[PDB]
Amino acid sequence: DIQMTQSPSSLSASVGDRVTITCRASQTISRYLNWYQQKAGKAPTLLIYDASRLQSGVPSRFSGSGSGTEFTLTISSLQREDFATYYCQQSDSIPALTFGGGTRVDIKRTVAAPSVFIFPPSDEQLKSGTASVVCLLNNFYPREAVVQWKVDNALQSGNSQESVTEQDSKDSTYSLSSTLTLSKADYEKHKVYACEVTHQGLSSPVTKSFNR
Amino acid sequence: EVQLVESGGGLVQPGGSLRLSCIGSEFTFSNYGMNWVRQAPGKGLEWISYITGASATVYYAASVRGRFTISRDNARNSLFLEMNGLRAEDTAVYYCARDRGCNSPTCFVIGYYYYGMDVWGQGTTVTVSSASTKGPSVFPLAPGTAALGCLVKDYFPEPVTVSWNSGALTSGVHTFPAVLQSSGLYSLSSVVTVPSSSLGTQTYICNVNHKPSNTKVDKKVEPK
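Conventions used here
- Residues numbered from 1 in each chain as written, not as in the entry; some residues may be left out.
- Chains lettered and ligands numbered in written order.
- Heavy atoms only, no water.
- Helix = DSSP H or I, 4+ residues; strand = E, 2+ residues; numbered from the N terminus.
- Polar contact = N/O pair within 3.5 Å; in protein donor to acceptor, adjacent residues only side chain to side chain.
- Contact = heavy atoms within 4.5 Å.
- Buried area = accessible area lost by both parts, 1.4 Å probe.
- Salt bridge = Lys/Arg side-chain N within 4 Å of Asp/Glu carboxyl O.
- Buried < 20%, exposed > 50% of the residue type's maximum accessible area, 1.4 Å probe, protein only.
- Pairing = 2+ DSSP bridges.
- Domains from an automatic or database assignment.

1. Focus on the side chain of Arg38 of chain B
Residues and elements named next belong to chain B.
- If you trace the backbone, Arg38 turns up in strand β4 (residues 34-39).
- Looking at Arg38, its side chain comes within polar contact range of the side chain of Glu46, at 2.8 Å.
- In terms of polar contacts, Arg38 uses its side chain to reach the side chain of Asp90, at 2.9 Å.
- When near neighbours in sequence (up to four residues on either side) are disregarded, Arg38 contacts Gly44, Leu45, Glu46, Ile48, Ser63, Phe68, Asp90, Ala92, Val93 and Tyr94.

Given below as structure tokens:
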């Protein structure tokens, strides 16, 4: 398949900013390159075809350029309705028609470190044999964040899952919840439970912990 | 306006089959090549299949692994995707999309895929799972700002809803997307930040509703 490398994966913008997104194809595709917009909860819509031609109804602030392997989508002066995810797609070779990985355009605000909270498992849950330990990273920006779990200073890998909220409509932040799952039997064999958070708003990682 | 409407999504067991439908309106369906494109939860767009207007050519992405069949009934303005050998990783929203077919401002003579896909349906959701319907267990996340919450664990299928104090508490609430556990059951958390000074005095109750299992739970969350 032709591989499409789309950059960046995440860009923050303010109303009025110019935005540039690039797409590079692994082999030449002439001008057979399209761009789509996908708003949260909606199907994609076609913005540009033939590298640079605007679909009817698309505002003039959108433009596309390039041929061969290197292509660009530019928004000249971003408006509120343009916060969305954008995708390139080559239409030179089938199968497979291939999409870039997407560019998520979110609302710019100042950096905000997370407030971090750790929650032990409840006694009620432990009665049925599993322990969930939860780490909350509240109201941070930007979205990139890393959580590392430690149990008696042993790094835990493979036994946690996390999810992240959508950007808050009022304060433009994100929040993240991570759950470490272990058996009650293992939980009761260890003392110190810790969540270590790395985030751009902190010049060193922050750890929250409890002793069982 | 010109539109496409998908249907047929739902829950199917691994190894099973499912037929999706896509009905077009207000255009001459037989003139256009048609596509299926899918999007797994939180992931990007993946093209999966193509059929020409006259049905004489079909293509499939390698990820189909030659398990699916694309077809159409132009007399009923309908495109179909017959899926077989389904696996958990086929869980996604499935979109049907029409070829633009030309690079002119208005397309009268329709070619192939070279100029993108100009009309998309709203999508239909397919979930592939062997799990059985099950209501959640609700556990406390016990608490000058304090955080508290509820862990809504081991339920199937989606969705669950969570409110706090019967809807009276909305400020500072974050209800997170569920995660799919290796057991095949979902788990989610809902949290709220509140003044620490309110902890001895204000009651905090999370109201959980899992309609698929008719399970409702009200959990009062207090300092341990």
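Read on, since the account is not over.
2. Focus: the interface of chain A and chain B
- Every contact between the two is made by 44 residues of chain A and, on the other side, 50 residues of chain B.
- Summing both partners gives a buried area of about 3700 Å² for chain A against chain B, and 64% of it is carried by carbon and sulfur.
- Looking at the side of chain A facing chain B, the largest losses of area belong to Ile94, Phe99 and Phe119 of chain A, adding up to 15% of the total buried there.
- Across the chain A-chain B interface, the total number found is 1 salt bridge.
- Close ionic contact of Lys219 of chain B with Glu124 of chain A constitutes a salt bridge, the shortest N to O distance being 3.3 Å.
- Linking chain A with chain B are 16 residue pairs in polar contact.
- Only β4 (33-38), β5 (45-49), β9 (85-90), β12 (115-119), α1 (123-126), β13 (130-140), β16 (160-164) and β17 (174-183) of chain A provide two or more residues apiece to the side of chain A that touches chain B.
- When residues of the side of chain A that touches chain B are assigned to their parent elements, the largest contribution, 6 residues, is made by β13 of chain A.

3. Side note on the pairing of strand β9 (residues 92-99) of chain B
Residues and elements named next belong to chain B.
- Burial runs high along β9: 7 of the 8 residues are buried.
- As judged from the 6 bridges shared by β4 and β9, these two strands associate in the antiparallel manner. Pairing of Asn35 across the sheet is with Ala97, part of β9.
- With 3 bridges connecting them, β9 and strand β11 (residues 124-128) associate as antiparallel partners. Within β11, the position partnered with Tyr94 by the bridge is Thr124.
- Two strands pair when backbone bridges link them, and β9 and strand β10 (residues 117-120) are joined in this way by 3 bridges, in the antiparallel orientation. Counted as the bridge partner of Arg98 is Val119 from β10.

4. Quick notes on the domain arrangement of chain A
Residue and element names in this part refer to chain A.
- Under the domain assignment, chain A is made up of domain 1 (1-108) and domain 2 (109-212).
- Distance between the C-alpha centres of domain 1 and domain 2: 35 Å.
- Contact between domain 1 and domain 2 buries roughly 490 Å² in total, counting both sides, with carbon and sulfur atoms accounting for 32%.
- In terms of surface lost to domain 2, no three residues of domain 1 exceed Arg104, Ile107 and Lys108, which account for 73% of the buried area on that side.
- Inspection of the domain 1/domain 2 interface yields 0 salt bridges.

5. Details of the environment of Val119 of chain B
Residues and elements named next belong to chain B.
- With respect to the helices and strands, the residue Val119 is situated in strand β10.
- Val119 gets classed as buried once you look at its relative accessible area, which sits at 12%.
- Measuring from C-alpha to C-alpha, the distance between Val119 and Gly24 comes to 9.7 Å, with 95 residues separating the pair along the chain.
- Once residues lying within four places of it in the same chain are set aside, the contact partners of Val119 are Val2, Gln3, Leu4, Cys96, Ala97 and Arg98.

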